[PDB]
Amino acid sequence: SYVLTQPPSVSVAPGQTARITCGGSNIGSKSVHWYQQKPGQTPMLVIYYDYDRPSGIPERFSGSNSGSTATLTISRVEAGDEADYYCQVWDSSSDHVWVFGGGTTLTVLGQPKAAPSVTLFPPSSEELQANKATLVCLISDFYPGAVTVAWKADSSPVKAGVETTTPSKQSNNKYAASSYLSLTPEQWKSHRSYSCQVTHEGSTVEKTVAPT
Amino acid sequence: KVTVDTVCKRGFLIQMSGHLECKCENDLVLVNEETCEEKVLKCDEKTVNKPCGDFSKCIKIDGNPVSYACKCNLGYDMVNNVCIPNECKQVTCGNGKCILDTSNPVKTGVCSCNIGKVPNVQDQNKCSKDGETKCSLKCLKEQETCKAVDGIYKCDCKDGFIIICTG
Amino acid sequence: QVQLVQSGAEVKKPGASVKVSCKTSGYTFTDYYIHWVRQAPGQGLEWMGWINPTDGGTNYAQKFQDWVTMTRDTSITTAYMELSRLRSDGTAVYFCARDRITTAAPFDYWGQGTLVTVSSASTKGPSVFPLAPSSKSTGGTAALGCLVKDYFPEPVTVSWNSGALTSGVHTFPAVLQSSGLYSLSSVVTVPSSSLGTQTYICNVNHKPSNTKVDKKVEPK
């Protein structure tokens, strides 16, 4: 199957130049189209036929395509350019399909980095009385708005029962997120402790609770 | 946009199923959509920015050593050794050629077909459908009408005349 | 002006079917393909297939060949996509888009998208549990909140102290759990010194089930 390969993340400061690569087998012989999708909005064409620009798209958007890599270049990046970007080609072969890249999230750093605050709530005794148990991990006041959460049960990782929200802006324009671990009341008392691990920009913050 | 009233300098109108364009006189190349000129056979220091093919010019490339190449003009790409619009880079038409559809803000490459063929909406608008195309060329020169030559409409001497057209 | 207008959000049970429409206007319907693109939450765009408005010809990605049927009505220039045997984990947004009928034309206009939520659940009010502050939930300030468990459908609204308390409050987006039920939490950062003197009551409102819950949150 024909594949388009994009990097998952690109981060730039306002005014800098961002480059988003789209790798493909002999992609230079194909017409590459680029689409911009802001969070919760409709995808929008920004570059088509390798380097043509629709009216309304600023000149600082430019595209190139050669060999095995097509590139979207955004000069003088602004906060409004923060969005996901997808490349797209038509596979002329017998498979006869349109192909989208994996998408690239462009982060535009509009404020200094901020490590998150982690607060881990144990299950309330009320919920235990209802024969359920939910651990609530509060992640607040971080920037940029991307984290990864891992749950540990007595020094061992936890797979099932985890739900995590996509980060969203707080009142102070910093990001917040939440992670829930669902247990049975027996599992809650069976282990000596449970831990919530939040990874943000390489450094991990950890919080632990125990039955009490 | 090329029309039936367009004068093709050093050239002449030709008609296909969906468009008109200028075709150059023998050994000439298009330097513009309405202008034909002589073409350089090899790009060198004395031929910079001079025509070397349809919609292509000679360019100098500073280097060690200095190199020269025939480069397509802006908006054109080299495809099967010919300069065609970049919107047509991936368009194969069969019994026709790809042209520019500019009826929308977003341009697209679409097919225009040899006489007798029309774009087949059931086959990616390729030239796989039989259909008639009436000639619209005004051939107002002496003893010449519209004739289908190698699948395209052009003005040509009437039956019994040869190149102005003489008997 | 070219417009692609899709039908509204849908809620369906696993194994059921749904038919989403894409009303088109402002251009010659028969000159452009209609494509459908699926997007699971937090995931990338995925091309599903196209329909040719002239003959109703369809071209599907292999992975959607078995449970997707694309049709069109030329008299009202509307395209349709029917999903069959919906999977319990198949909640996703579906976009329609057009491009010129030719090879490799870009998708110049898109519909606004249609959310299809798949859940076996029916209307159900939420359970509300307190997230009590304590010695471990205290820099020089403390966090407390309310856990709003297992409601259906969306939405719930949470206020604190009947709206009198706003600064520090953050209500999170809901999560759609494997059970097909939603859960969220609303949290508020407060001065630790005011604990035991200030009263914190979260007001949970679930209009679909006609349920209101007020939960006083006190220190452990």
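Residues numbered from 1 in each chain as written, not as in the entry; some residues may be left out. Chains lettered and ligands numbered in written order. Heavy atoms only, no water. Residues with missing side-chain atoms left out of burial classes, pairs and counts.

X-ray crystallography is the method the PDB entry lists for this structure, together with a resolution of 2.400 Å.

**Student:** Looking at this model, I keep getting lost on the overall build of chain A. Mind explaining?
**Tutor:** For chain A, the count of helices and strands is two helices and 18 strands. Oriented by its inertia axes, the alpha-carbon framework of chain A measures out at about 65 × 45 × 25 Å. By sequence separation, contacts in chain A at least 24 residues apart represent 57% of the contacts at least 6 residues apart. (Helix = DSSP H or I, 4+ residues; strand = E, 2+ residues; numbered from the N terminus. Contact = heavy atoms within 4.5 Å.)

**Student:** I'm lost on the overall build of chain B in this one. Help?
**Tutor:** The number of helices and strands found in chain B is zero helices and 15 strands. Taking the principal axes of its C-alpha atoms as reference, chain B extends roughly 55 × 45 × 25 Å.

**Student:** I would appreciate a short explanation of the side chain of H200 of chain A in the present structure.
**Tutor:** Residues and elements named next belong to chain A. Here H200 is to be found in strand β17 (residues 194-200). Only 3.4 Å separates the side chain of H200 from the backbone oxygen of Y143, close enough to count as a polar contact. In contact with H200, other than residues within four places in its own chain, are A114, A115, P116, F142, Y143, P144, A146 and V147. (Polar contact = N/O pair within 3.5 Å; in protein donor to acceptor, adjacent residues only side chain to side chain.)

**Student:** I keep staring at a nonpolar patch on the surface and nothing clicks. Help me out?
**Tutor:** Together, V48, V66 and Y68 of chain B make up an exposed nonpolar region whose accessible area comes to about 230 Å². By the secondary structure assignment, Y68 of chain B is in strand β7 (residues 67-72). (Patch = residues over 30% accessible without salt bridge, like charges linked within 9 Å, V, L, I, M, F, W, Y side chains within 5 Å. Areas by Shrake-Rupley, 256 points an atom, 1.4 Å probe, with all protein chains shown as cover. Salt bridge = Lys/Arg side-chain N within 4 Å of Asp/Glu carboxyl O.)

**Student:** I would appreciate a short explanation of the interface of chain A and chain B in the present structure.
**Tutor:** Buried accessible area, meaning the area lost when the parts come together, often serves as the stated size of an interface. The partner chain B presents 13 residues to the 15 residues of chain A that form the contact. Of all residues in chain A, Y48, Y49 and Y51 of chain A give up the largest surface area on contact with chain B, accounting jointly for 45% of the area buried on that side. A salt bridge links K89 of chain B to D50 of chain A; the shortest N-O distance between them is 2.9 Å. For the interface between chain A and chain B, the tally reads 10 residue pairs in polar contact. A per-class count over the side of chain A that touches chain B returns six nonpolar, six polar and three charged. (Buried area = accessible area lost by both parts, 1.4 Å probe. Nonpolar A, V, L, I, M, F, W, Y, C, P; charged D, E, K, R; others polar.)

**Student:** Quick question: what am I supposed to make of the pairing of strand β5 (residues 46-51) of chain C here?
**Tutor:** For a regular strand, side chains alternate in direction, first toward one face of the sheet and then toward the other. Residue and element names in this part refer to chain C. In terms of residue burial, β5 counts as a mostly covered element, since five of its six residues are buried. Inspection of the sheet shows strand β4 (residues 32-39) paired to β5 by five bridges, in the antiparallel sense. Bridged to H35 within β5 is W50. From the end of β4 to the start of β5, which pair antiparallel, there are six residues, and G42 there has a positive phi angle of about 75°. (Buried < 20%, exposed > 50% of the residue type's maximum accessible area, 1.4 Å probe, protein only. Pairing = 2+ DSSP bridges.)

**Student:** Even after reading the chapter, I still don't get the state of the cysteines, so can you show me in this structure?
**Tutor:** By definition, a disulfide links the sulfur atoms of two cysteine residues through a covalent bond. All names here are of chain B. For the coordinates displayed, the defined rule picks out 15 disulfides over all chains. Across the disulfide from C24 sits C36; the S-S distance is 2.0 Å. An S-S torsion of about -85° defines the bridge between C24 and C36 as left-handed. Of this pair, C24 sits in strand β2 (residues 20-24) while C36 sits in strand β4 (residues 35-38); the two residues are 12 residues apart in sequence, bridging distant segments of the chain. The two residues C24 and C36 agree in class, both being buried. Each sulfur in the disulfide pair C52 and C70 lies 2.0 Å from the other. (Disulfide = S-S within 2.5 Å.)

**Student:** I would appreciate a short explanation of the interface of chain C and chain A in the present structure.
**Tutor:** Listed as interface residues are 43 residues of chain C and, on the opposing side, 38 residues of chain A. Carbon and sulfur atoms make up 66% of the surface buried where chain C meets chain A, a total of about 3300 Å² over both sides. The tally of links from chain C across to chain A stands at two salt bridges. Residues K215 of chain C and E126 of chain A are paired through a salt bridge, measuring 3.5 Å at the closest nitrogen-oxygen approach. At the junction of chain C with chain A, the criterion picks out seven residue pairs in polar contact. The element contributing the most residues to the side of chain C that touches chain A is strand β13 (residues 141-151) of chain C, with five residues.

**Student:** Teacher, can you tell me more about the pairing of strand β16 (residues 175-183) of chain A here?
**Tutor:** Residue and element names in this part refer to chain A. With eight of nine residues buried, β16 lies mostly within the body of the structure. Two elements, strand β11 (residues 133-142) and β16, share nine bridges in a ladder whose sense is antiparallel. What sits directly across from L135, in β16, is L181. Here three bridges tie strand β14 (residues 162-164) to β16, and the two strands are oriented antiparallel to one another. Pairing of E163 across the sheet is with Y180, part of β16. The pairing of strand β15 (residues 168-169) with β16 spans two bridges and is classified as antiparallel. For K169, the partnering residue across the bridge sits in β16 and is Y175. Where β15 hands over to β16, the hairpin turn is made up of five residues, of which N173 adopts a positive phi near 65°.

**Student:** Looking at this model, I keep getting lost on unusual backbone geometry. Mind explaining?
**Tutor:** Apart from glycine, the bulk of residues carry a negative phi angle, and the bulk of peptide bonds sit in the trans form. A cis amide bond, omega 0°, links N64 of chain B with the succeeding residue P65 of chain B. Along the chain, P65 of chain B falls in the loop between β6 (56-61) and β7. A cis amide bond, omega -5°, links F152 of chain C with the succeeding residue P153 of chain C. One non-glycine residue, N80 of chain B, lies in positive phi territory at about 55°. Mapped onto the secondary structure, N80 of chain B falls in the loop between β8 (76-79) and β9 (82-85). Since its relative accessible area comes to 74%, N80 of chain B is described here as exposed.

**Student:** Quick question: what am I supposed to make of the nonpolar core here?
**Tutor:** As a rule of thumb, soluble globular proteins bury nonpolar side chains together. With 73 residues, the main nonpolar core has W34 and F100 of chain A together with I34, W36, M48, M81 and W110 of chain C as its most contacted residues. Broken down by element, the residue count for this core peaks at six residues, all from strand β7 (residues 83-91) of chain A. Counting residues in each nonpolar core, the second largest holds 21 residues, with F152, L165, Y182 and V188 of chain C among its members. (Core = buried A, V, L, I, M, F, W, Y, C linked by side-chain atoms within 4.5 Å.)

**Student:** I'm lost on the environment of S192 of chain C in this one. Help?
**Tutor:** Residue and element names in this part refer to chain C. Tracing the chain through its elements places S192 in the loop between β17 (182-191) and β18 (201-206). For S192, a relative accessible area of 27% gives the class partly exposed. Once the C-alpha coordinates of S192 and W160 are considered, the two residues, 32 residues apart in sequence, prove to be 17 Å apart. Ignoring anything within four residues of it in the chain, the contact list for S192 reads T138, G140, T141 and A142.

**Student:** Explain the pattern of salt bridges here, please?
**Tutor:** Once the charged atoms of two side chains with opposite charge are near each other, the side chains can pair. Under the criterion given, the structure shown has 15 salt bridges over all chains. In this structure, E21 of chain B and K97 of chain B form a salt bridge, with 2.9 Å as the shortest nitrogen-oxygen distance. Highlighted residues: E21 of chain B in strand β2 and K97 of chain B in strand β10 (residues 96-101), separated in sequence by 76 residues. Among the residues examined, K97 of chain B registers a relative accessible area of 34% and is labelled partly exposed. Linking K216 of chain C and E218 of chain C is a salt bridge whose minimum nitrogen-to-oxygen distance equals 2.7 Å. On the basis of relative accessible area, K216 of chain C is assigned to the partly exposed category, the value being 42%. Residue classification places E218 of chain C among the partly exposed residues on the basis of a relative accessible area of 44%. Within the structure, one salt-bridge network assembled from shared partners comprises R60, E78 and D81 of chain A.

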